[PDB]
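[1] pasting the first bit of my complex, frame unchanged:
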Amino acid sequence: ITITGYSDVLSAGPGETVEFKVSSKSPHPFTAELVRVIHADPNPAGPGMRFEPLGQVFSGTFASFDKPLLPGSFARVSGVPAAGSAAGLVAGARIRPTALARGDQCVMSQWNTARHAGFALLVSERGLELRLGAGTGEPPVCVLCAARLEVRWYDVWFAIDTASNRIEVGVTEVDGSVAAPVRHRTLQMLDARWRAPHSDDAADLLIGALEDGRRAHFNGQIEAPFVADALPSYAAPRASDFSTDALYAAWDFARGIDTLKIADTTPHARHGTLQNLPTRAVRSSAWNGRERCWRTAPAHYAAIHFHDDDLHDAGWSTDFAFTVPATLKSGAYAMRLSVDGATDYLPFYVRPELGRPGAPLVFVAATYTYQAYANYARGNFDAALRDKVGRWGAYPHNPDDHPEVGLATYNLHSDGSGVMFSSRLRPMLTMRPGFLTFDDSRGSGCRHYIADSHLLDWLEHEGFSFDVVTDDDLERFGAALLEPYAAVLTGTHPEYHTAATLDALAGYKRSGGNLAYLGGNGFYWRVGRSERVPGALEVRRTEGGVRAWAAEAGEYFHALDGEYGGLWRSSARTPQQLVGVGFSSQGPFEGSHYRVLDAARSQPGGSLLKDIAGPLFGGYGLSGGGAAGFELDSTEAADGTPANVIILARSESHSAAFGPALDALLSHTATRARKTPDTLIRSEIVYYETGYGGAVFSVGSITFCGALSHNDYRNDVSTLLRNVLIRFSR
């Protein structure tokens, strides 16, 4: 990737600053040009790429620097002497290694590279290894304790004892009640192959990695590491076996589970800092199932889960800054970067000032959802799609070929556990104009930021001015930010929300506003977030539902904010309470048509179908060739669809590959309302008045907006949306 980057914020209002951070592998400086993005789907059968060049609002040329991406989580303890004394050195931890086949993985190390002094305790398929620095002249001392370690809890340690002149390296299985508990040690004569360190041997202490030139990132859980300077007053030594004058450090990971800090409990207070956001709020060895909430039982959660592909905050220097001029209208923009024929875009949004709308409509860019899906390496970037990317001139870089940009919460880590965090402080290839997600046999295969530009393009063509706010903005400002608008429109797929963003949308309905839910599968998953950890989103896929992975029992509560994660249904807030329909069926990326219930034309809101002949409509579009496709929502009175709901149309004839949303099932033959599951395979367009003054219009299909521009913006789907927004702006 010749040039890429990211921004610190994804939105800013008048007078606010966005910092852009670029990494470029060219020897020449790069150019940045401000553009407004109009249409981002490069399918020739569609409107194609469309920008408004705004080079005179902002343009620059800036020096190029190759900034690196370094995945893998670990903890650093800084400002510490080299551990050890003339009596010796002891260090250990309780561990659960989840992926020993991936090579040397360091539990704990302290390594002064220039002086070749220090220690390292690693695990691998060969067992437990101690590496001791031997000075300028000699290769490192290395002691292996051979053992076959499984994905289970172990105590591991090493002890250097000068008095008896021995090095001990040992591992013991924590649960003694199993058939064959592992207990091995290796004893080796010390023989002045080690001596007490000098003040200049000092170096940082790492947990989870080794810094001897950063490598050997650990996979799995680590709990209660400690370091001692003397013998205690065969079994594994632990922090409690020592008098506190021998303890160099004993870290208890249960303290500060919503922070990046690891606390030392000795009077030394040698605290440390986690890098690249490993997973806290996970079970530790004391967990027995009587406690499920880390907030009231921290001792059952005294572990951290490290992953050699964790990625959060690249730390890239800022190359240029941008302040929104008070005259620049609210909208979807990007900084176009250029070097040596290569392009990238840094997308961002200009947010209207609070209470000072610039248009009657406001669009919500579903950045929480974009971030949850960021850099989803789907394993689908094959020959046909790689070739399709060039023919259409689409964005060239896919996460499948570029694993250095990290994973999406829809991926698994290298140890097979679910990816619970997604950072926006890294290049987000999936949030790029012209990016293709699927090799769509019948359309463009576009999603999220790119699919949403179908709507923004259609709005501008049909003469609707609109402002833009993001999920972060609703998080910051609440319902007050939406209140001034005659209508709020969502993207194609607002899957991910916090209670604050749900509350903003609800409070907007209560203010009397109109809500146009123009997507499918909205309001499904909770995310967690925190002021302490900006730029990170947390997803825990609890209980059930349609999910790329399952959270483990007892790890259902978010680390960042302490809230119960998973499906919004599992926090008593169904989609149908917000928008009258809810996720009911999922299939492949293919669309179908709607059939008007013409009974609707008489009933309230049926005038919305004025100038749509029927009975069917919408059998076309840039997303799978059909206005009702991919993921579908339908009414359910038992989940809170209001009694005054007017079902205006219902989709039919999807392929057999469409199936029911698991969380709507009591069994494979019965839904929660005790219907057959096949009645879930349908998208229902509904309209209803909220009783607050305004109304709701919901389509319940992710591909609905992919039909808007069909046959040069003249089609039944375009007529329907014009009708809705004309109605909503009276």
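    Structure received. Residues are numbered from 1 along each chain as shown, chains lettered A, B, ... in the order given.
[2] Can you give me the distance of the residue nearest in space to the middle of chain A to residue A:372?
    Central residue of chain A (Cα atoms, centre = their mean): residue A:422, 2.5 Å from the mean position. According to Cβ to Cβ, to the nearest Å, residue A:422 and residue A:372 sit 6 Å apart. From N, CA and C alone the C-beta is placed, and that goes for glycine too.
[3] can you check residue A:288 too?
    32 Å.
[4] So what does residue A:567 look like in phi/psi?
    Dihedral angles of residue A:567 (phi, psi; degrees, to the nearest 10) stand at phi -70, psi 140.
[5] Now do the contacts for the closest residue to residue A:406 other than its chain neighbours.
    Spatially, and ignoring its direct neighbours in sequence, residue A:406 is nearest to residue A:311 (3.1 Å; Cβ to Cβ, 6 or more residues apart in numbering). By Cβ atoms under 8 Å, 6 or more residues apart in numbering, the contact set of residue A:311 is A:69, A:71, A:276-277, A:405-407, A:423, A:426.
[6] Let me know the closest of those residues to residue A:681.
    residue A:407 (31.1 Å; Cβ to Cβ).
[7] out of the contacts of residue A:311, who's nearest residue A:535?
    The closest of those, once distances to residue A:535 are taken by Cβ to Cβ, is residue A:423, at 5.6 Å.
[8] list the contacts for the spatially closest residue to that closest one that is not a sequence neighbour?
    Spatial nearest neighbour of residue A:423, excluding adjacent residues (Cβ to Cβ, 6+ apart): residue A:312 at 3.8 Å. Shown in contact with residue A:312 (Cβ under 8 Å, 6+ apart): A:276-277, A:421, A:423, A:425-426, A:535-536.
[9] got it, and residue A:541?
    A:418, A:525, A:547-551, A:565-566.
[10] any idea how far it is from residue A:527?
    11 Å.
[11] With residue A:57 instead?
    Applying Cβ to Cβ, the value for residue A:57 to residue A:527 is 33 Å.
[12] what do you get for residue A:283?
    22 Å.
[13] more crowded one of these two?
    residue A:527 (27 against 23; other Cβ atoms under 10 Å).
[14] So that one sits against residue A:537, correct?
    Yes. If you go by Cβ atoms under 8 Å, residue A:527 and residue A:537 touch, sitting 4.8 Å apart.
[15] now for chain B, put it on the one above:
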Amino acid sequence: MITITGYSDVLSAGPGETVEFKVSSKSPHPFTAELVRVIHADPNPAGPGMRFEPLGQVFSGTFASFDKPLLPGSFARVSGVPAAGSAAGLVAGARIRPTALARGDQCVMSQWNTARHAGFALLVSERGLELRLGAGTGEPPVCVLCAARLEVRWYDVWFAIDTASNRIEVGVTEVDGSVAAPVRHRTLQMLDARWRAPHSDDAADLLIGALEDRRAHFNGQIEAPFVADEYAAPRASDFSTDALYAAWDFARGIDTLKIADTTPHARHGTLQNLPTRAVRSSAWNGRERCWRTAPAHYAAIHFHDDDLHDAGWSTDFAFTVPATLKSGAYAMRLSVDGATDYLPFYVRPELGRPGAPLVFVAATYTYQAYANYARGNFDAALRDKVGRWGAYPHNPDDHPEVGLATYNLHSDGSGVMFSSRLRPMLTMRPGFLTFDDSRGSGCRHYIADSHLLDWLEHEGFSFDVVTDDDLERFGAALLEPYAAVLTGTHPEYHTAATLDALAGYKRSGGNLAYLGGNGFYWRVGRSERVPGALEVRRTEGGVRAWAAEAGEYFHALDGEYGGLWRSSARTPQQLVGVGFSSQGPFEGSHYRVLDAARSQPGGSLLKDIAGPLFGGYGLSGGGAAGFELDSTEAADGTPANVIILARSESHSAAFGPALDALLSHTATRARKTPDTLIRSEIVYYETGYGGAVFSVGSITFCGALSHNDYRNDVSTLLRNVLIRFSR
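    Below, chain B sits with the chains from the block before:
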């Protein structure tokens, strides 16, 4: 009409222990009780038919018949209290969430001296909120209606009698003021000496949830009732506490049957028929999910007009186990006027004093969870089949007076979380048929388990019997003396204690024979505080007759996290190597031997089984592999040394995957297609502790044992296993 039925206080007793039998008999003649040992309880003409050993010379009696009633519907009784009110008047109210207003008058709170026509009652209905005041011996009661259309939401309800201003007020206000059209209604009526301050002789019990005139059982949640002696609803916090007659906080004692009064009057009460505690109250906002650490979010109780726990029937006779009566499955045959019933119980061996090499576990937790399951399938054809086969004559579908199963919904649509064993349990009767089985007997649980006990006796295997309740009490020590432990056809429901007894038994070096399907799936809650009650909350997902509400996942009885054992980090495969993977209709199919299996260890078990198929027959759905199926899953803990000896094939299309094993409708947790779940796998493996495990992973496996007079491949297979396990 059920002429004679009854139940026992306990379902098992060891030497020197007593079982009390409680009978209701509608005959004017006395009934006889006779001890029998149950051999085979399946009345299918094509099978071994009913089979008992009469033990009338061990115990027989004759007893007077008494018609004892069944009275469903939960409520709270506060007794030993004066009649509420003062010369200034009377105020009473509560926060409620009514779940079924169409079912008629439902009493929030009442105190009614019937002889004196004195007291009050506040009720809700589709017509609104009604006050009834006693008016004295000569006159019918005063009634004040406040008309309103109430939905399933939280409301404050009240009435206030104020003599100074000569007004009666009845009112209801919707708790959530932020909704579009919040309900606020009241009715004002002039008092005019139509009510007067109570006298000491007007005293009577104060009820919450029903009226004693017992009728008008309430459906829904009640929170913070109280009594004191523009406009807003009065609440307990509005009163000086010496004007407060009582204010109950349901958050205290959530794991008890007691409701606490917070005034110095301490007018506590006792819940009847086991209403549902540990449920959300009005303050619940989603930040708390555990009642044990956030009681203020759970200060409501959910009443149901069909709750039923503890009939309170008097004991008619008792039986003490003689040291000479061997451990086994017995029953008390009741007899009067041509009518028969059976009261089943078990004789449990003494701890540490085995009487046989084998011990069988009667899965009484599973029986109880399914007790009196009214399936809606007792139609002409099955009613006709029941008479022809001479089967047990009474079905829950015809007798709602015996209450529901945890597989039913209450009349308000909420899940049935509790099942009492202190009531007639029609489904645990010899000869009771559950299904109209086109290919067999349609038998389940206690009756299906007797397929196995009959086969054991035929083949010369002596065996002792313990129940789930026994493992709860005694643990692995009760199992240790036996060379093998055998399960029933379907040990679905378990506690941490019963799982631990079986696991600890494996670690002691024992042999385990899992002869069923869908075992070790659901958690139950229980407590010594409430003997005879079992609790089920169907949390998260899985194949479930109903879904628990978010935030109500912890048991009231024991504070434990309910639902699937998977959701408490204990898969079936950790215990028996296979786990629930497919569910279908009551139909069985055959197994196919895995050709590798005969070579590696445990392959001798297939000795003298031709193959490659076997077991395409049986009294349960016509096949040894049917109904609910278990299979291996390495990701769920199937031990690496597991030997898959056979695998079922050719189940009907109606068979589908276990929901909790799915990440989506096209992928399992191990990322395979769901169709690979549709299979029963018989496995064998060594535990590493000295003994081995044999699991069949099929509910209908033992319905094949007696096929062709006990000579058949399934019978050969089980015989091989048990001789191996008893060497």
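[16] from what I can see the residue nearest to the centre of chain A touches residue A:529, true?
    No. Using Cβ under 8 Å, residue A:422 is not in contact with residue A:529; the gap is 10.9 Å.
[17] okay, and the common contacts of those two?
    Residues touching both residue A:422 and residue A:529 by Cβ atoms under 8 Å, 6 or more residues apart in numbering or on different chains: A:536-537.
[18] name the element residue A:390 belongs to?
    Assigned by DSSP states H and E, residue A:390 belongs to helix A:383-391.
[19] Flag every buried residue along that helix.
    A:385, A:388-389 (16 or more other Cβ atoms under 10 Å in any protein chain shown).
[20] May I have it exported as CSV, CA atoms only?
    Only the C-alpha atoms of helix A:383-391 are listed here, as CSV (Å, rounded to 0.1, in the frame of the first residue of the first chain):
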residue,chain,number,x,y,z
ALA,A,383,-9.3,-14.0,-9.0
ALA,A,384,-12.7,-12.9,-10.3
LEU,A,385,-13.1,-10.1,-7.7
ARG,A,386,-9.4,-9.0,-8.0
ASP,A,387,-9.9,-8.8,-11.7
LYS,A,388,-13.3,-7.0,-11.2
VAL,A,389,-11.6,-4.4,-9.1
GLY,A,390,-9.3,-3.4,-11.9
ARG,A,391,-11.9,-3.4,-14.7
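[21] picking that back up, dig out what the residue nearest to the centre of chain A forms beta bridges with.
    Per DSSP bridges, the residues bridged to residue A:422 are residue A:537.
[22] That one and residue A:368, how far apart?
    In this view, residue A:422 and residue A:368 are 10 Å apart by Cβ to Cβ.
[23] Need the residues touching each of those two.
    residue A:537.
[24] Which part of the stretch 401-550 of chain A gets nearest to chain B, residue-wise?
    residue A:544 (3.4 Å; Cβ to the nearest Cβ).
[25] Number of residues surrounding that residue?
    25 (other Cβ atoms under 10 Å in any protein chain shown).
[26] Same check on residue A:396?
    18.
[27] For it, what are phi and psi?
    With angles defined as degrees, to the nearest 10, residue A:396 sits at phi -90, psi -20.
[28] pretty sure it contacts residue A:388?
    No. In this structure, residue A:396 is not within contact of residue A:388 by Cβ under 8 Å, at 11.7 Å.
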